[PDB]
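Chemist: Structure in structure tokens, see below.
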Amino acid sequence: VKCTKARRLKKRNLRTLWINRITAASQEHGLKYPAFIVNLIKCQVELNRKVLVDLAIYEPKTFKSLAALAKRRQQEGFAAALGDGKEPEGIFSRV
Amino acid sequence: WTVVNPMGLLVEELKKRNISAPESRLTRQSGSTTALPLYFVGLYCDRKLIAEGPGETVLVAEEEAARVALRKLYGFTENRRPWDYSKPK
Amino acid sequence: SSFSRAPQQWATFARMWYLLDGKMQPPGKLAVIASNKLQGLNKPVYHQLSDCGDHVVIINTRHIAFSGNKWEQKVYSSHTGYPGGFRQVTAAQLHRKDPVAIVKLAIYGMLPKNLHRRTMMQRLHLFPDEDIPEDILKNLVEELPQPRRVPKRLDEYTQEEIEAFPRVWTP
Amino acid sequence: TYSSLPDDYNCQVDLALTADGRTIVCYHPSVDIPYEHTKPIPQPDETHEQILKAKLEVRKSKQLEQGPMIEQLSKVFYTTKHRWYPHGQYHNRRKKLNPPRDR
Amino acid sequence: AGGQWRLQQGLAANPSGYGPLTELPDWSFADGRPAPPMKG
Amino acid sequence: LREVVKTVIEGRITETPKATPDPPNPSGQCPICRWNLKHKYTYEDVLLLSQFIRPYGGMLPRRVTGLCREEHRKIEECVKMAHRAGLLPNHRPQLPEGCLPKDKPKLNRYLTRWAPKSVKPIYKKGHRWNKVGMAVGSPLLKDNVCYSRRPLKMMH
Amino acid sequence: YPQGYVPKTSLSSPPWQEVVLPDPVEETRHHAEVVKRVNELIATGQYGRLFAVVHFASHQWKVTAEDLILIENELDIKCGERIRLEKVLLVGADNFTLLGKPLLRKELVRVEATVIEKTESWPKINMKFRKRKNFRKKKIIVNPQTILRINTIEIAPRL
Amino acid sequence: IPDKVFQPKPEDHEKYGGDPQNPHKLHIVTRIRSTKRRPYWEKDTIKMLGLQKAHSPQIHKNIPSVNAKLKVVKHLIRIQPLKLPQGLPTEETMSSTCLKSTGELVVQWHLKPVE
Amino acid sequence: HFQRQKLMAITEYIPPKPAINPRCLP
Amino acid sequence: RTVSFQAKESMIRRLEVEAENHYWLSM
Ligand code: FES
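Residue numbers (the deposited numbering), protein chains in the order written: chain R, 51 to 145; chain c, 232 to 320; chain K, 2 to 172; chain a, 34 to 78, 84 to 141; chain j, 22 to 61; chain r, 35 to 40, 47 to 196; chain S, 50 to 208; chain Z, 41 to 155; chain I, 41 to 66; chain o, 25 to 51.
Okay, structure coming up:
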């Protein structure tokens, strides 16, 4: 029974580990975890959390570029909020 | 391939290419006085870093840095194009 | 990339030494940061069983600042375990007896309630004053900015700033 | 200065949407440390094993007792004495003989 | 997360809803022969 | 401003430096109203506070300042907090003839609503549902603009 | 001081600092310049090992040369037959990477792999909780499995 | 509850974007909560309406009987007016239909991003 | 119940903020 | 038991959604 119960919680625990590693990596670049995910979603990026951890570990240069995209979208997102919507969509915010 | 004295071998290749021998420098260091020291040694040729390797001691770091250069010299980089088994010809 | 397996493992799993200044800094904010550094949460590959904690060095703990009246209102309670062994001491009294005790207690409480906490405390180095052994400085890799920006006093204010500042009313 | 992140530490990041706009291209050439920002190798002219032996010096009563030996070991590695104590035969036999290793 | 923003853009809140990622075939033959339609 | 010179003693009224011309918001009844500073000053803003404080840290009368009562209470609290935080080294209390301070270590404090002397220690902290709350900040400054998502935690 | 002038202070300005984005017209020129260099890089084949992220079934698989991927279900494909994965969202090179929105064009990237083995899962124990559980209330799960070997990753300068 | 609640106002029409004339014909209803711990009459209505599974799309007519039934279960459902930008689907296009979250049922799916 | 307490808070009236206080009025 | 801010918003959303249901049932 214990093994059967562990099956459900095991998947949840693994997801928690992936999120924690992303948060540590994101904070090192100065980006909070919620901001990185939201900006990536705004960029039509559908990478899963497990892969996100993988890219940082083995592709630090790519992850930094990914961080810049999230940061750049965040900058455009801040500009859009400051713009109040009157301004047109940003170059990187075009969908 | 068993390679002894990488520093000497690296110099031997460089002189063949008419390149100056690199000047070793300590790029990064951590826990130098601790029992678990990490030393990063970069080989600088004409004041330009050609290869850097990690090691526990400066000698190990220098030896490791030389090993990295030898791979680069022979085009054996880890990110190099994989060999092809696809070719039917 | 292209490095040998063992050196790469050594570098990735190596432990770093950090320096912290406690002068006019709230221990609670420092403790939260200290817990992150001590436990090894500052690394992207942090794992619970990887023993990736880092060394933390704290100095100027004698000059820490507590918000509000926490100096006189915060009471630390301990029990010797014998009848009538209940001891209650205010924060101000504890600092007078030991400047470093308050910082250690806050960090210990913030740290996880597990066996690994005791090992983490060993890696923690608390200095009442700026004095540090030289070898620790060689071990030290980086220093961390103070969590709280220190406000300037009236004397600290520059003369040019006074001229720039306008007179709201005329006495 | 189009890149939103500093390019001075890890690698230069060049962000560029494709002309069609269907793709985002990131160019990340690595950056080497400047020569002026590095330290030279120690000019003055010893193996770590010797240092380790020196750290665990045998000074008093020839070889020291187990407790002091553990304390000396604990001090060097900043560990607790409890870790160094051995374990009984029951658990020792239970240890797996052939642990799997991948990568 | 992001369901609200996806709805704002007109997309499904859950990426697993109506979209090319789910609807489109996930593979094809190396020879180029189209893969059979997914049972789902 | 009247100053007495010293038996025969004579007092001279002297001209005072004037406020900077062109206040940002003319027609304001109070100087804070005139300068649009209602919700943008804090105890850390010693420069503004110093203008209304005596050389030894005493509060100036409201009538002389001319500001409204609401700002008077806010300014008084801000000044008191600065004094308790040692942010006014030049406005410390006057030594009468030759007296000297406690000459004992002084604990660094800030954001102190009340005097440390008159606050007793909280021996019983309380449990989750009985936890005691410690006030931080001043109610008089509730209206000040906040740049955080949620209102600041007055009670710690 | 002019009417309605507020000097910058702790509470006058927000903790965050406003920034000004670069002008678009010159920025668009920057976009093209990077693309032109990248197209030459792809044309020159200045890359070695490549990594690609492929979405299959309900999972995303980061892929590299010689990689082995196990799929926990049958595929209906004979062993030793090469197959092309059609859903790739990211591909990486030595100094450059390509990101789909949310997927790259089929022309740019083609990925092929081969089926190695069809297998099942080692028994998994399932036992629901109930009073008087008994030892015979046991069920085993041996769901199917399949093995895939990555063969090739192909890109072209089709920007 | 007074009938005024279900009597719309001009401002309400603008907020919900519903034209008082040519009222929408079909309701879109999905169950978002459980019927457990609810009275029997509420349970019966949900079963009759066919909303046994949560988040299940259902096509129903905007008629008084359906309207009366929907009002009983209003708090457990989300009501959206169906929209047909391209009109009713044809027999040939019946296999190409697709309903978007916005409430628009397209009769042709071209597998091209809206962008 | 927790939900009932939520209703009580909702009943609280939301007052608009005057532009200028009477003392600081023009 | 003081009400958390999150709970209040959730209840408001449910009421607002129910209000939309009322309007679409008003025609
Ligand atoms: S700000 Fe106008 S009276 Fe106070």
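No residue lacks a Cβ here, since even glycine has one placed at the ideal position from N, Cα and C.
Are the segment 270-284 of chain c and the segment 242-256 of chain c touching by the rule of at least three beta carbon pairs closer than 8 Å?
Modeler: The answer is yes - the segment 242-256 of chain c touches the segment 270-284 of chain c, with three or more Cβ pairs under 8 Å.
Chemist: Could you have a look at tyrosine 54 of chain S and say whether DSSP puts it in helix, strand or coil?
Modeler: Correct three-state label for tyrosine 54 of chain S: coil.
Chemist: What does the alpha-carbon distance come out to for the pair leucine 135 of chain r and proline 129 of chain K?
Modeler: When rounded, the distance between both Cα atoms is 32 Å.
Chemist: Look up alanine 92 of chain a in the DSSP assignment and say whether it is helix, strand or coil.
Modeler: Helix, per DSSP.
Chemist: Tell me whether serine 136 of chain Z sits in a helix, a strand or coil according to DSSP, three-state version.
Modeler: Residue state, collapsed to three classes: helix.
Chemist: Determine the DSSP secondary structure at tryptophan 11 of chain K, reduced to helix, strand or coil.
Modeler: Helix, per DSSP.
Chemist: Pull up the distance between the alpha-carbon of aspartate 52 of chain Z and that of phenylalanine 128 of chain R, whole angstroms please.
Modeler: In a straight line, the C-alpha of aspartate 52 of chain Z is about 32 Å away from that of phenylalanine 128 of chain R.
Chemist: Flag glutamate 40 of chain o as yes if its beta-carbon sits less than 8 Å from any beta-carbon of chain Z, otherwise no.
Modeler: Not one chain Z Cβ lies under 8 Å of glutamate 40 of chain o.
Chemist: Using the beta-carbon of each residue, find all residues closer than 7 Å to any heavy atom of the ligand FES and list them in chain order.
Modeler: Result (chain order): r/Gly68, r/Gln69, r/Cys70, r/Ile72, r/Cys73, r/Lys78, r/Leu107, r/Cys108, r/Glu110, r/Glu111, I/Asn61, I/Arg63, I/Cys64.
Chemist: With contact counted as at least three CB pairs below 8 Å, one residue from each stretch, are the segment 94-108 of chain K and the segment 131-145 of chain K in contact?
Modeler: No, because fewer than three Cβ pairs between the segment 94-108 of chain K and the segment 131-145 of chain K fall closer than 8 Å, the two stretches do not touch.
Chemist: What separation, rounded to the nearest whole angstrom, lies between the Cα atoms of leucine 269 of chain c and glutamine 10 of chain K?
Modeler: Spanning the two alpha carbons is a distance of roughly 11 Å.
Chemist: Would you say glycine 58 of chain Z lies against chain o (beta-carbon separation less than 8 Å)?
Modeler: It does; some Cβ of chain o falls within 8 Å.
Chemist: Go through the segment 66-132 of chain K residue by residue and report every complete run of the beta strand (DSSP E) that reaches 3 residues or more, in order.
Modeler: Those beta strand (DSSP E) runs which fall completely within the segment 66-132 of chain K and span 3+ residues are 66-68, 76-80, 87-91, 125-127.
Chemist: How should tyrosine 42 of chain a be labelled, buried or exposed, when 16 other C-beta atoms within 10 angstroms of its C-beta is the threshold for buried?
Modeler: Burial call: exposed.
Chemist: Which residues of the segment 55-89 of chain S have a Cβ closer than 7 Å to any Cβ of chain r? Give them in chain order.
Modeler: Listed by position along the chain: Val55, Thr58, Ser59, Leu60, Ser61, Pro63, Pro64.
Chemist: Note down, in chain order, every chain j residue with its Cβ under 8 Å from the Cβ of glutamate 123 of chain S.
Modeler: None at all; the shortest Cβ gap to chain j is about 11 Å.
Chemist: State the start and end residues of the unbroken beta strand (DSSP E) segment that holds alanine 125 of chain r.
Modeler: Where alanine 125 of chain r is concerned, there is no enclosing beta strand (DSSP E), given that its DSSP letter is neither H nor E.
Chemist: Does DSSP put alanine 282 of chain c in a helix, in a strand, or in coil?
Modeler: Residue state, collapsed to three classes: strand.
Chemist: Taking the alpha carbon of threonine 43 of chain j as the point to measure from, which residue in S/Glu161, S/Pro151, S/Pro206 has its own alpha carbon closest?
Modeler: Answer by Cα proximity: S/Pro151.
Chemist: With respect to the alpha helix (DSSP H) encompassing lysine 121 of chain R, which residues constitute its N-terminal and C-terminal limits?
Modeler: Note, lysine 121 of chain R: alpha helix (DSSP H), 110-133.
Chemist: With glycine 149 of chain S as the anchor, note down where its beta strand (DSSP E) starts and where it stops.
Modeler: From DSSP, the beta strand (DSSP E) with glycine 149 of chain S extends over 145-149.
Chemist: Output needed for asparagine 89 of chain R: all residues of its chain with C-beta closer than 6 Å, excluding positions within five of it in sequence on either side, in chain order.
Modeler: Excluding sequence neighbours, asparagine 89 of chain R sits near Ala120, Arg123, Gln124.
Chemist: How far does the beta strand (DSSP E) with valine 39 of chain r in it reach, from first residue to last?
Modeler: First-last of the beta strand (DSSP E) with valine 39 of chain r: 36-39.
Chemist: Hey, how far is the Cα of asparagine 130 of chain r from the Cα of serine 62 of chain S?
Modeler: Distance between the alpha carbons of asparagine 130 of chain r and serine 62 of chain S: 29 Å.
Chemist: Taking the continuous beta strand (DSSP E) assigned at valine 113 of chain Z, which residues delimit it?
Modeler: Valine 113 of chain Z -> no beta strand (DSSP E), and no H or E assigned at all.
Chemist: Among K/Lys71, K/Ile137, K/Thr62, K/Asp52, whose alpha-carbon lies nearest the alpha-carbon of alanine 175 of chain r?
Modeler: When only C-alpha atoms are compared, the closest one is K/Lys71.
Chemist: Over what stretch of residues does the beta strand (DSSP E) that includes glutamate 76 of chain S continue unbroken?
Modeler: Taken as a continuous stretch (DSSP letters only), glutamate 76 of chain S belongs to no beta strand (DSSP E), being part of the alpha helix (DSSP H) at 73-93.
Chemist: Along the segment 46-65 of chain a, what residues have a CB closer than 7 Å to any CB found in chain S?
Modeler: Those residues of the segment 46-65 of chain a that come within reach of chain S (Cβ to Cβ, closer than 7 Å) are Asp47, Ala49, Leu50, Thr51, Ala52, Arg55, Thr56, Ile57, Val58, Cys59, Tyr60, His61, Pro62.
Chemist: Using 8 Å as the threshold, is the C-beta distance between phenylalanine 4 of chain K and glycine 273 of chain c below it?
Modeler: Contact: no.
Chemist: Mind checking whether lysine 167 of chain S and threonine 195 of chain S have CB atoms under 8 Å apart?
Modeler: A contact, by the Cβ cut-off of 8 Å.
Chemist: Hey, how far is the Cα of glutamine 52 of chain S from the Cα of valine 169 of chain K?
Modeler: Taking the straight line joining both Cα atoms gives about 15 Å.
Chemist: Can you tell which of S/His108, S/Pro73, S/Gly141 has its C-alpha closest to the C-alpha of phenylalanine 100 of chain S?
Modeler: Selected option, being the one with the closest Cα: S/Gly141.
Chemist: Taking 6 Å as the limit between beta carbons, can you name the residues of its chain near residue 37 of chain S, skipping five residues before and five after?
Modeler: No statement about residue 37 of chain S is possible, as the shown extent of chain S runs from 50 to 208 and does not include it.
Chemist: Please name the residue or residues paired with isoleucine 86 of chain Z in a DSSP beta bridge.
Modeler: DSSP output for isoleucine 86 of chain Z lists no bridge partner at all.
Chemist: Quick one: is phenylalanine 87 of chain K buried, meaning 16 or more other Cβ sit within 10 Å of its Cβ, or exposed?
Modeler: The residue is exposed, with fewer than 16 neighbouring Cβ atoms inside 10 Å.
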